[PDB]
Each structure stands twice: as structure tokens, then as C-alpha cells.
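Participant: So here's structure-v7.cif, just mmCIF, C-alpha atoms and all ligand atoms; chains and numbers go by the auth columns:
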data_my_file
#
loop_
_atom_site.group_PDB
_atom_site.id
_atom_site.type_symbol
_atom_site.label_atom_id
_atom_site.label_comp_id
_atom_site.label_asym_id
_atom_site.label_seq_id
_atom_site.Cartn_x
_atom_site.Cartn_y
_atom_site.Cartn_z
_atom_site.B_iso_or_equiv
_atom_site.auth_seq_id
_atom_site.auth_asym_id
ATOM 1 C CA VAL A 1 26.023 104.248 -61.970 0.00 3 E
ATOM 2 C CA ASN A 2 27.503 105.099 -58.564 0.00 4 E
ATOM 3 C CA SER A 3 30.735 106.659 -57.358 0.00 5 E
ATOM 4 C CA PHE A 4 32.366 103.558 -55.829 0.00 6 E
ATOM 5 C CA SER A 5 35.783 103.636 -57.510 0.00 7 E
ATOM 6 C CA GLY A 6 38.079 100.682 -58.062 0.00 8 E
ATOM 7 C CA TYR A 7 35.879 97.829 -56.823 0.00 9 E
ATOM 8 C CA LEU A 8 36.252 94.283 -58.091 0.00 10 E
ATOM 9 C CA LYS A 9 32.918 92.733 -59.069 0.00 11 E
ATOM 10 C CA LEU A 10 32.476 89.401 -57.298 0.00 12 E
ATOM 11 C CA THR A 11 28.851 88.696 -58.270 0.00 13 E
ATOM 12 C CA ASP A 12 25.808 90.401 -59.740 0.00 14 E
ATOM 13 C CA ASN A 13 25.407 92.395 -56.502 0.00 15 E
ATOM 14 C CA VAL A 14 28.642 92.108 -54.453 0.00 16 E
ATOM 15 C CA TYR A 15 31.734 94.283 -54.983 0.00 17 E
ATOM 16 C CA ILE A 16 35.011 94.367 -53.040 0.00 18 E
ATOM 17 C CA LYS A 17 37.978 96.706 -52.575 0.00 19 E
ATOM 18 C CA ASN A 18 41.113 96.832 -50.436 0.00 20 E
ATOM 19 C CA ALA A 19 40.337 100.024 -48.538 0.00 21 E
ATOM 20 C CA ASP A 20 39.638 101.500 -45.131 0.00 22 E
ATOM 21 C CA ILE A 21 35.859 101.752 -44.775 0.00 23 E
ATOM 22 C CA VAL A 22 36.379 105.162 -43.148 0.00 24 E
ATOM 23 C CA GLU A 23 38.231 106.429 -46.223 0.00 25 E
ATOM 24 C CA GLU A 24 35.667 104.961 -48.623 0.00 26 E
ATOM 25 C CA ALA A 25 32.925 106.706 -46.647 0.00 27 E
ATOM 26 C CA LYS A 26 34.782 110.028 -46.513 0.00 28 E
ATOM 27 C CA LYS A 27 35.297 109.819 -50.288 0.00 29 E
ATOM 28 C CA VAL A 28 31.919 108.483 -51.430 0.00 30 E
ATOM 29 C CA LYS A 29 29.587 109.807 -48.700 0.00 31 E
ATOM 30 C CA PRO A 30 27.331 106.783 -49.297 0.00 32 E
ATOM 31 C CA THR A 31 23.686 106.703 -48.344 0.00 33 E
ATOM 32 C CA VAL A 32 24.529 103.878 -45.917 0.00 34 E
ATOM 33 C CA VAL A 33 27.750 102.835 -44.192 0.00 35 E
ATOM 34 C CA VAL A 34 27.509 99.644 -42.139 0.00 36 E
ATOM 35 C CA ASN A 35 29.089 99.480 -38.695 0.00 37 E
ATOM 36 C CA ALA A 36 30.193 96.144 -37.216 0.00 38 E
ATOM 37 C CA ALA A 37 28.426 96.870 -33.941 0.00 39 E
ATOM 38 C CA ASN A 38 27.931 95.057 -30.659 0.00 40 E
ATOM 39 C CA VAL A 39 24.623 94.841 -28.798 0.00 41 E
ATOM 40 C CA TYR A 40 25.559 97.746 -26.488 0.00 42 E
ATOM 41 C CA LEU A 41 26.702 100.030 -29.335 0.00 43 E
ATOM 42 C CA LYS A 42 30.019 100.446 -27.489 0.00 44 E
ATOM 43 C CA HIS A 43 32.298 101.430 -30.377 0.00 45 E
ATOM 44 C CA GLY A 44 35.611 100.457 -28.836 0.00 46 E
ATOM 45 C CA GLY A 45 37.814 99.062 -31.587 0.00 47 E
ATOM 46 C CA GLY A 46 37.978 97.577 -35.044 0.00 48 E
ATOM 47 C CA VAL A 47 35.570 99.038 -37.578 0.00 49 E
ATOM 48 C CA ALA A 48 33.329 100.584 -34.922 0.00 50 E
ATOM 49 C CA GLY A 49 36.177 102.302 -33.095 0.00 51 E
ATOM 50 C CA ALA A 50 37.538 103.600 -36.397 0.00 52 E
ATOM 51 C CA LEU A 51 34.146 104.883 -37.540 0.00 53 E
ATOM 52 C CA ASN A 52 33.463 106.428 -34.144 0.00 54 E
ATOM 53 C CA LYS A 53 36.906 108.037 -33.912 0.00 55 E
ATOM 54 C CA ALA A 54 36.371 109.517 -37.379 0.00 56 E
ATOM 55 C CA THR A 55 33.138 111.170 -36.108 0.00 57 E
ATOM 56 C CA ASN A 56 35.036 112.720 -33.169 0.00 58 E
ATOM 57 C CA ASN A 57 32.929 110.529 -30.793 0.00 59 E
ATOM 58 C CA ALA A 58 29.599 111.909 -32.079 0.00 60 E
ATOM 59 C CA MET A 59 28.598 108.371 -33.099 0.00 61 E
ATOM 60 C CA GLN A 60 29.133 107.191 -29.511 0.00 62 E
ATOM 61 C CA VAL A 61 27.158 110.101 -28.026 0.00 63 E
ATOM 62 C CA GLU A 62 24.228 109.387 -30.362 0.00 64 E
ATOM 63 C CA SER A 63 24.492 105.660 -29.651 0.00 65 E
ATOM 64 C CA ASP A 64 24.421 106.130 -25.875 0.00 66 E
ATOM 65 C CA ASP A 65 21.132 107.993 -26.199 0.00 67 E
ATOM 66 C CA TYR A 66 19.792 105.199 -28.440 0.00 68 E
ATOM 67 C CA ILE A 67 20.610 102.541 -25.827 0.00 69 E
ATOM 68 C CA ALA A 68 19.257 104.611 -22.946 0.00 70 E
ATOM 69 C CA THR A 69 15.912 104.799 -24.760 0.00 71 E
ATOM 70 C CA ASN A 70 15.691 101.387 -26.439 0.00 72 E
ATOM 71 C CA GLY A 71 18.037 98.975 -24.667 0.00 73 E
ATOM 72 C CA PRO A 72 20.523 96.649 -26.349 0.00 74 E
ATOM 73 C CA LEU A 73 20.161 95.393 -29.888 0.00 75 E
ATOM 74 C CA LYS A 74 19.690 91.698 -30.581 0.00 76 E
ATOM 75 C CA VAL A 75 22.580 89.660 -31.930 0.00 77 E
ATOM 76 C CA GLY A 76 21.682 89.488 -35.622 0.00 78 E
ATOM 77 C CA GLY A 77 19.792 92.782 -35.391 0.00 79 E
ATOM 78 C CA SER A 78 20.418 96.357 -36.443 0.00 80 E
ATOM 79 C CA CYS A 79 19.398 99.965 -36.109 0.00 81 E
ATOM 80 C CA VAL A 80 19.677 102.966 -38.417 0.00 82 E
ATOM 81 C CA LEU A 81 21.388 106.027 -36.931 0.00 83 E
ATOM 82 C CA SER A 82 23.117 109.072 -38.375 0.00 84 E
ATOM 83 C CA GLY A 83 26.129 108.673 -40.617 0.00 85 E
ATOM 84 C CA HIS A 84 27.563 111.932 -39.212 0.00 86 E
ATOM 85 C CA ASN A 85 30.366 113.245 -41.461 0.00 87 E
ATOM 86 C CA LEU A 86 30.848 109.841 -43.130 0.00 88 E
ATOM 87 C CA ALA A 87 27.516 108.932 -44.765 0.00 89 E
ATOM 88 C CA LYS A 88 23.862 109.880 -44.659 0.00 90 E
ATOM 89 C CA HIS A 89 23.025 106.926 -42.404 0.00 91 E
ATOM 90 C CA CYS A 90 24.947 104.350 -40.425 0.00 92 E
ATOM 91 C CA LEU A 91 23.363 100.894 -40.273 0.00 93 E
ATOM 92 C CA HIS A 92 24.691 99.394 -37.025 0.00 94 E
ATOM 93 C CA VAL A 93 24.574 95.612 -37.514 0.00 95 E
ATOM 94 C CA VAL A 94 25.402 93.071 -34.805 0.00 96 E
ATOM 95 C CA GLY A 95 27.033 89.905 -36.076 0.00 97 E
ATOM 96 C CA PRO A 96 27.603 87.030 -33.646 0.00 98 E
ATOM 97 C CA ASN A 97 30.821 87.167 -31.638 0.00 99 E
ATOM 98 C CA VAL A 98 32.531 83.783 -31.873 0.00 100 E
ATOM 99 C CA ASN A 99 34.749 84.512 -28.867 0.00 101 E
ATOM 100 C CA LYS A 100 31.592 85.077 -26.798 0.00 102 E
ATOM 101 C CA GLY A 101 30.335 81.704 -28.050 0.00 103 E
ATOM 102 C CA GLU A 102 27.506 83.281 -30.043 0.00 104 E
ATOM 103 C CA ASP A 103 25.852 81.175 -32.738 0.00 105 E
ATOM 104 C CA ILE A 104 27.592 81.729 -36.080 0.00 106 E
ATOM 105 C CA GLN A 105 24.277 80.877 -37.746 0.00 107 E
ATOM 106 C CA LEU A 106 23.137 84.320 -36.589 0.00 108 E
ATOM 107 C CA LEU A 107 25.533 85.697 -39.211 0.00 109 E
ATOM 108 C CA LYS A 108 22.909 85.095 -41.903 0.00 110 E
ATOM 109 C CA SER A 109 20.307 87.010 -39.877 0.00 111 E
ATOM 110 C CA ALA A 110 22.814 89.853 -39.486 0.00 112 E
ATOM 111 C CA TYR A 111 23.392 90.099 -43.244 0.00 113 E
ATOM 112 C CA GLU A 112 19.626 90.062 -43.917 0.00 114 E
ATOM 113 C CA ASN A 113 19.525 93.598 -42.505 0.00 115 E
ATOM 114 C CA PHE A 114 21.458 94.761 -45.580 0.00 116 E
ATOM 115 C CA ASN A 115 18.484 93.863 -47.814 0.00 117 E
ATOM 116 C CA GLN A 116 16.539 96.837 -46.430 0.00 118 E
ATOM 117 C CA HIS A 117 18.951 99.201 -48.249 0.00 119 E
ATOM 118 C CA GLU A 118 19.460 99.387 -52.004 0.00 120 E
ATOM 119 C CA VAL A 119 23.204 100.202 -51.798 0.00 121 E
ATOM 120 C CA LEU A 120 25.629 99.918 -48.862 0.00 122 E
ATOM 121 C CA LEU A 121 29.300 100.373 -48.035 0.00 123 E
ATOM 122 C CA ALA A 122 30.050 97.629 -45.549 0.00 124 E
ATOM 123 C CA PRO A 123 32.690 95.554 -43.766 0.00 125 E
ATOM 124 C CA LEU A 124 32.588 91.800 -43.511 0.00 126 E
ATOM 125 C CA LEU A 125 30.530 90.944 -40.428 0.00 127 E
ATOM 126 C CA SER A 126 31.761 88.794 -37.527 0.00 128 E
ATOM 127 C CA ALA A 127 35.372 89.149 -38.731 0.00 129 E
ATOM 128 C CA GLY A 128 38.113 90.758 -36.666 0.00 130 E
ATOM 129 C CA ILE A 129 37.621 90.640 -32.908 0.00 131 E
ATOM 130 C CA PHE A 130 34.234 88.984 -33.422 0.00 132 E
ATOM 131 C CA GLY A 131 36.208 85.799 -34.071 0.00 133 E
ATOM 132 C CA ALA A 132 34.712 84.385 -37.269 0.00 134 E
ATOM 133 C CA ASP A 133 36.574 83.491 -40.450 0.00 135 E
ATOM 134 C CA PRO A 134 36.333 86.301 -43.053 0.00 136 E
ATOM 135 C CA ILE A 135 36.188 83.806 -45.948 0.00 137 E
ATOM 136 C CA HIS A 136 33.008 82.380 -44.404 0.00 138 E
ATOM 137 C CA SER A 137 31.644 85.873 -43.777 0.00 139 E
ATOM 138 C CA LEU A 138 32.085 86.688 -47.463 0.00 140 E
ATOM 139 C CA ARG A 139 30.281 83.463 -48.432 0.00 141 E
ATOM 140 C CA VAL A 140 27.277 84.186 -46.196 0.00 142 E
ATOM 141 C CA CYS A 141 27.230 87.755 -47.513 0.00 143 E
ATOM 142 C CA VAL A 142 27.088 86.625 -51.144 0.00 144 E
ATOM 143 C CA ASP A 143 24.404 84.020 -50.372 0.00 145 E
ATOM 144 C CA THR A 144 22.229 86.383 -48.280 0.00 146 E
ATOM 145 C CA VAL A 145 22.527 89.975 -49.493 0.00 147 E
ATOM 146 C CA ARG A 146 20.560 90.740 -52.654 0.00 148 E
ATOM 147 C CA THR A 147 21.017 94.511 -52.663 0.00 149 E
ATOM 148 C CA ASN A 148 24.204 96.180 -53.909 0.00 150 E
ATOM 149 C CA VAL A 149 26.990 95.841 -51.352 0.00 151 E
ATOM 150 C CA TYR A 150 30.485 97.335 -51.570 0.00 152 E
ATOM 151 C CA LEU A 151 32.848 95.609 -49.166 0.00 153 E
ATOM 152 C CA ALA A 152 35.866 97.537 -47.888 0.00 154 E
ATOM 153 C CA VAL A 153 38.510 95.106 -46.592 0.00 155 E
ATOM 154 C CA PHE A 154 41.347 96.927 -44.813 0.00 156 E
ATOM 155 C CA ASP A 155 43.910 94.145 -45.154 0.00 157 E
ATOM 156 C CA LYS A 156 45.613 93.597 -48.514 0.00 158 E
ATOM 157 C CA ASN A 157 46.688 90.048 -47.642 0.00 159 E
ATOM 158 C CA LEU A 158 43.115 89.238 -46.624 0.00 160 E
ATOM 159 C CA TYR A 159 41.700 91.070 -49.650 0.00 161 E
ATOM 160 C CA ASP A 160 43.897 89.037 -51.996 0.00 162 E
ATOM 161 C CA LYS A 161 43.080 85.800 -50.154 0.00 163 E
ATOM 162 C CA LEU A 162 39.296 86.303 -50.157 0.00 164 E
ATOM 163 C CA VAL A 163 39.410 86.460 -53.949 0.00 165 E
ATOM 164 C CA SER A 164 41.643 83.401 -54.349 0.00 166 E
ATOM 165 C CA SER A 165 39.385 80.988 -52.417 0.00 167 E
ATOM 166 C CA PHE A 166 35.960 82.343 -53.400 0.00 168 E
ATOM 167 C CA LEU A 167 33.646 79.630 -54.717 0.00 169 E
HETATM 168 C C1 LIG B . 40.238 93.876 -42.141 0.00 201 R
HETATM 169 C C2 LIG B . 38.714 93.779 -41.917 0.00 201 R
HETATM 170 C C3 LIG B . 38.314 92.288 -41.930 0.00 201 R
HETATM 171 O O1 LIG B . 38.134 94.360 -43.069 0.00 201 R
HETATM 172 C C4 LIG B . 38.334 94.460 -40.563 0.00 201 R
HETATM 173 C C5 LIG B . 38.539 93.662 -39.274 0.00 201 R
HETATM 174 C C6 LIG B . 39.876 93.033 -38.846 0.00 201 R
HETATM 175 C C7 LIG B . 39.886 93.914 -37.602 0.00 201 R
HETATM 176 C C8 LIG B . 38.687 94.685 -38.165 0.00 201 R
HETATM 177 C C9 LIG B . 38.853 96.037 -38.833 0.00 201 R
HETATM 178 N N1 LIG B . 38.765 95.838 -40.284 0.00 201 R
HETATM 179 C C10 LIG B . 38.503 96.976 -41.067 0.00 201 R
HETATM 180 N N2 LIG B . 37.887 96.811 -42.265 0.00 201 R
HETATM 181 C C11 LIG B . 37.619 97.872 -43.025 0.00 201 R
HETATM 182 N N3 LIG B . 37.879 99.148 -42.765 0.00 201 R
HETATM 183 C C12 LIG B . 38.486 99.322 -41.567 0.00 201 R
HETATM 184 N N4 LIG B . 38.884 100.526 -41.026 0.00 201 R
HETATM 185 C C13 LIG B . 39.463 100.317 -39.789 0.00 201 R
HETATM 186 C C14 LIG B . 39.457 98.969 -39.527 0.00 201 R
HETATM 187 C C15 LIG B . 38.830 98.302 -40.648 0.00 201 R
#
Translate this structure into C-alpha cells?
Ligand SMILES: CC(C)(O)[C@H]1[C@H]2CC[C@H]2CN1c1ncnc2[nH]ccc12

Facilitator:
Amino acid sequence: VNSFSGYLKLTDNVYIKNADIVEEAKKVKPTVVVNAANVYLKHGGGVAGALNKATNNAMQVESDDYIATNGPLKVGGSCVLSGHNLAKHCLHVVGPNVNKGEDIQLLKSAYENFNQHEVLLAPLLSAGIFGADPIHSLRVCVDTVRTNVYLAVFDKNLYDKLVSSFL
């Protein structure tokens, strides 16, 4: 039993809710919140900007030190950093950016990072400004993640649609 309230059960291990990931994190304080990161951990907009803004830019400050030490992440890769006021940890995961021409097949590699954590609050990867189709992102998620994932989809029209076409 966990505290994730009001989630629809899609599969044995995937759950979904129409909610702002920032609000889910503030409410649940999960062990892991996933950020839809880029390779530079520049948290400008979308999920990352919203998460970072909610930390009062502390996520960005921490991230800049990470990059200075380690260099950019790989597309498909991840790193674990602090969750600040939102969660214990933030798993920064880089999905491929379709607008940059990055290989959508790297989306599966990106989701594999979730399997290192028993429970996660997460967005759909490669959606939004990353260019990919969220219905496809949900499919890859279901077919790749085996741990317990709670998807927060901050778009009621999209939330309702994802359910209606899910195979
Ligand atoms: C709708 C969505 C697919 O879930 C994505 C992407 C479309 C643009 C990105 C932001 N967004 C979010 N998702 C969940 N919590 C969020 N909080 C702030 C933004 C946000």
C-alpha cells in the first residue's frame, strides 16, 4: 500500500492520473520523482522547468555542479540527484528529442532507467517539447518498465485520450 491517491490502474505495474507532477510530488513526497531532463540538465521548461521552479532553482544549482563534474548525460541515460522539497530523490532521465532528430528507439533505453527504482512518480518521456507522441510513450513505458510507475499527465484531454486508445 502506498499513498498515491486517485490513480487509474492500467496494468499490473502502471498507474495513471490527471495531475501536475509537481503537485503529486508535493502531496506524496515520493521516494523518486522522475524529471524529463535534457543532456545538459538545463531545466528550462515543461516538466523540468516546473520541477525546478518549484525547488526555487535549487535543482538547477545542484545540476550545474553535476555537469561541471561529470559532463553531459547520454540520451537514454539518467542520474540520481536530490528531490529537494518534492521527493527524496529526483531521477533525471533523458528521452530522445524528436525535434533534434534523436532516435526514438532510445526511448526504450530511457524507460529502462525506471527499473532501478521500486516505485516512481513520473511523466511520460519524450512527450511535450521533446516531440514524440505521448500515446507511443505510454506504450513503450508499459512494455519496458517492470517496477511500479505512477504517471502524472497534466492535460485532461490527453489523459482521457491515452486511456481510450491504449492497447
Ligand atoms: C502533459 C504532459 C505530457 O504530461 C507534459 C508535457 C506536455 C508539455 C509537458 C509538461 N507536461 C507535464 N506533465 C506533468 N506534470 C506537469 N507539470 C508541469 C508540466 C507538466

Participant: Once you count only C-alpha atoms and all ligand atoms, what closest atom pair and distance in Å to one decimal does each residue of chain E within 12 Å of ligand LIG 201 (chain R) have, with rows by chain and rising residue number, as a Markdown table?

Facilitator:
| residue | atom | partner | partner_atom | distance |
| --- | --- | --- | --- | --- |
| E:18 | CA | R:LIG201 | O1 | 10.4 |
| E:19 | CA | R:LIG201 | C11 | 9.6 |
| E:20 | CA | R:LIG201 | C11 | 8.3 |
| E:21 | CA | R:LIG201 | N3 | 6.3 |
| E:22 | CA | R:LIG201 | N3 | 3.8 |
| E:23 | CA | R:LIG201 | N3 | 3.9 |
| E:24 | CA | R:LIG201 | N4 | 5.7 |
| E:25 | CA | R:LIG201 | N4 | 7.9 |
| E:26 | CA | R:LIG201 | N3 | 8.5 |
| E:27 | CA | R:LIG201 | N3 | 9.8 |
| E:28 | CA | R:LIG201 | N4 | 11.7 |
| E:35 | CA | R:LIG201 | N3 | 10.9 |
| E:36 | CA | R:LIG201 | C11 | 10.3 |
| E:37 | CA | R:LIG201 | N3 | 9.7 |
| E:38 | CA | R:LIG201 | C8 | 8.7 |
| E:39 | CA | R:LIG201 | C8 | 11.3 |
| E:45 | CA | R:LIG201 | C14 | 11.9 |
| E:46 | CA | R:LIG201 | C8 | 11.4 |
| E:47 | CA | R:LIG201 | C9 | 7.9 |
| E:48 | CA | R:LIG201 | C9 | 4.2 |
| E:49 | CA | R:LIG201 | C14 | 4.3 |
| E:50 | CA | R:LIG201 | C14 | 7.8 |
| E:51 | CA | R:LIG201 | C13 | 7.7 |
| E:52 | CA | R:LIG201 | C13 | 5.1 |
| E:53 | CA | R:LIG201 | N4 | 7.3 |
| E:54 | CA | R:LIG201 | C13 | 10.3 |
| E:55 | CA | R:LIG201 | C13 | 10.0 |
| E:56 | CA | R:LIG201 | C13 | 10.0 |
| E:123 | CA | R:LIG201 | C11 | 10.0 |
| E:124 | CA | R:LIG201 | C11 | 8.0 |
| E:125 | CA | R:LIG201 | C11 | 5.5 |
| E:126 | CA | R:LIG201 | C3 | 6.0 |
| E:127 | CA | R:LIG201 | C3 | 8.0 |
| E:128 | CA | R:LIG201 | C5 | 8.5 |
| E:129 | CA | R:LIG201 | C3 | 5.4 |
| E:130 | CA | R:LIG201 | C6 | 3.6 |
| E:131 | CA | R:LIG201 | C7 | 6.2 |
| E:132 | CA | R:LIG201 | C7 | 8.6 |
| E:133 | CA | R:LIG201 | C6 | 9.4 |
| E:134 | CA | R:LIG201 | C3 | 9.9 |
| E:135 | CA | R:LIG201 | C3 | 9.1 |
| E:136 | CA | R:LIG201 | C3 | 6.4 |
| E:137 | CA | R:LIG201 | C3 | 9.6 |
| E:138 | CA | R:LIG201 | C3 | 11.5 |
| E:139 | CA | R:LIG201 | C3 | 9.4 |
| E:140 | CA | R:LIG201 | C3 | 10.0 |
| E:152 | CA | R:LIG201 | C11 | 11.1 |
| E:153 | CA | R:LIG201 | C11 | 8.1 |
| E:154 | CA | R:LIG201 | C11 | 5.2 |
| E:155 | CA | R:LIG201 | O1 | 3.6 |
| E:156 | CA | R:LIG201 | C1 | 4.2 |
| E:157 | CA | R:LIG201 | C1 | 4.8 |
| E:158 | CA | R:LIG201 | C1 | 8.3 |
| E:159 | CA | R:LIG201 | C1 | 9.3 |
| E:160 | CA | R:LIG201 | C1 | 7.1 |
| E:161 | CA | R:LIG201 | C1 | 8.1 |
| E:162 | CA | R:LIG201 | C1 | 11.6 |
| E:163 | CA | R:LIG201 | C3 | 11.5 |
| E:164 | CA | R:LIG201 | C3 | 10.2 |

Participant: Please determine, counting all atoms listed in the file, which residue among E:69, E:112, E:151, E:143 has the shortest atom-to-atom distance to residue E:9.

Facilitator: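 That would be E:151, the residue with the smallest distance to residue E:9.
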
Participant: Between atom CA of residue E:88 and atom CA of residue E:43, what is the distance in Å, rounded to a tenth?

Facilitator: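 Atom CA of residue E:43 lies at a distance of 17.4 Å from atom CA of residue E:88.
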
Participant: My list of candidates is E:44, E:29, E:148, E:91. Which is closest to residue E:67 when distances are computed with only C-alpha atoms?

Facilitator: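 Of E:44, E:29, E:148, E:91, the one nearest residue E:67 is E:44, counting only C-alpha atoms.
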
Participant: Could you list the residues chosen by the PyMOL selection byres (((chain E and resi 150) around 6) and not hetatm) in this structure as a PyMOL selection string?

Facilitator: chain E and resi 15+121+149+151

Participant: Could you state the separation of atom CA of residue E:34 and atom CA of residue E:80 in Å, given to one decimal place?

Facilitator: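 For atom CA of residue E:34 relative to atom CA of residue E:80, the distance reads 12.8 Å.
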
Participant: Rank E:60, E:108, E:142, E:122 by their smallest atom-to-atom distance to residue E:86, using all atoms listed in the file, and report the top residue only.

Facilitator: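 Closest to residue E:86, using all atoms listed in the file: E:60.
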
Participant: Let me have the centre and edge lengths of the axis-aligned box enclosing all listed atoms of stretch 119-136 of chain E with 5 Å padding on every side, in Å to one decimal, as lines of an AutoDock Vina configuration file.

Facilitator:
center_x = 28.5
center_y = 91.9
center_z = -42.5
size_x = 29.2
size_y = 26.9
size_z = 29.1

Participant: If you apply the PyMOL selection byres (((chain E and resi 4) around 10) and not hetatm) to this file, what residues do you get, as a VMD selection string?

Facilitator: chain E and resid 3 5 to 7 30 32 121

Participant: Which residue, E:62, E:115, E:167, E:13, has the smallest gap to residue E:81 when you use only C-alpha atoms?

Facilitator: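 Of E:62, E:115, E:167, E:13, the one nearest residue E:81 is E:115, counting only C-alpha atoms.
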
Participant: How many Å lie between atom CA of residue E:59 and atom CA of residue E:83, rounded to one decimal?

Facilitator: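 Separation of atom CA of residue E:59 and atom CA of residue E:83: 13.8 Å.
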